[PDB]
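Engineer: sequence first, structure after, both from an experimental entry:
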2 protein chains.
Amino acid sequence: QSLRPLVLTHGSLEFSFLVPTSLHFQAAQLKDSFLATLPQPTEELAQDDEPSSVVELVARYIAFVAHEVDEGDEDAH
Amino acid sequence: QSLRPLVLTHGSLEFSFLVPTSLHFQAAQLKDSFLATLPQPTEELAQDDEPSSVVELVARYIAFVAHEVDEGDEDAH
């Protein structure tokens, strides 16, 4: 009924996600502008104060989204 | 019940949109092929006979869509 594959892709680390069919472009949007917040990927497997693990890709995204909740973006709360 | 964030993004000018949940991929499609109609963005804030304001991003899109209405694209009228 409602399953939508969302991938958090970067350099050499990825995280897969399951999303409601409905809320799949809100989650696409936060992912999209978030993969620009990060600096050009490094195949040397790390950057200073950028992602270091897959645990950091999700953590960075959790605060990214949670910031846009408290940010004054209306009609989309 | 029915709200869907559509963004018209380009260079340094954007326009946000509210769309019915239903009619959100028809509006995604017209937006998508329309952001290819435009030439590579200019951070110098203008191109000759390309977008100059945010009033032009929507105007260019209004005629883009209204052209595909009168264009012979059936089942999608």
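Structural biologist: Ah, there it is. Numbers count the residues shown, from 1 in each chain, chains lettered A, B, ... in the order given.

Engineer: skipping adjacent residues, who's closest to the closest residue to chain B within chain A in space?
Structural biologist: At 5.1 Å from chain B, residue A:76 is the closest residue in chain A, using C-beta to the nearest C-beta. From N, CA and C alone the C-beta is placed, and that goes for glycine too. Leaving aside its chain neighbours, residue A:76 sits nearest to residue B:5 (5.1 Å; criterion: C-beta to C-beta, 6 or more residues apart in numbering or on different chains).

Engineer: dihedrals phi and psi, that neighbour?
Structural biologist: Backbone torsions of residue B:5, given as degrees, to the nearest 10, read phi -60, psi 110.

Engineer: and what of residue A:18?
Structural biologist: Here is the backbone geometry of residue A:18 (degrees, to the nearest 10): phi -110, psi 130.

Engineer: for it, the count of nearby residues, please.
Structural biologist: 9 (other C-beta atoms under 10 Å in any protein chain shown).

Engineer: isn't residue A:30 right up against residue A:64?
Structural biologist: Yes - at 6.5 Å, residue A:30 counts as touching residue A:64 under the criterion of C-beta atoms under 8 Å.

Engineer: any idea which helix or strand carries the most centrally placed residue in chain A?
Structural biologist: The centroid of chain A falls nearest to residue A:31 when counting by C-alpha atoms, centre = their mean (3.8 Å). For residue A:31, the host element (DSSP states H and E) is helix A:25-37.

Engineer: for the very next helix or strand once past that helix, what is the distance to the chain centroid?
Structural biologist: Beyond helix A:25-37 on the C-terminal side, the first helix or strand identified by DSSP H and E is helix A:54-70. With C-alpha atoms, centre = their mean, to the nearest Å as the basis, helix A:54-70 stands 7 Å off its chain's centre.

Engineer: mind listing what's buried in helix A:54-70?
Structural biologist: By neighbour count, with 16 or more other C-beta atoms under 10 Å in any protein chain shown as the criterion, the buried positions of helix A:54-70 are A:57, A:60, A:61, A:68.

Engineer: next, count neighbours for the residue lying closest to the last one once chain neighbours are set aside.
Structural biologist: I take that to be residue A:68. Among residues not flanking residue A:68 along the chain, residue A:30 sits closest, at 6.8 Å (C-beta to C-beta, 6+ apart). Neighbour count for residue A:30, taken as other C-beta under 10 Å: 17.

Engineer: thanks again, I'm all set now.
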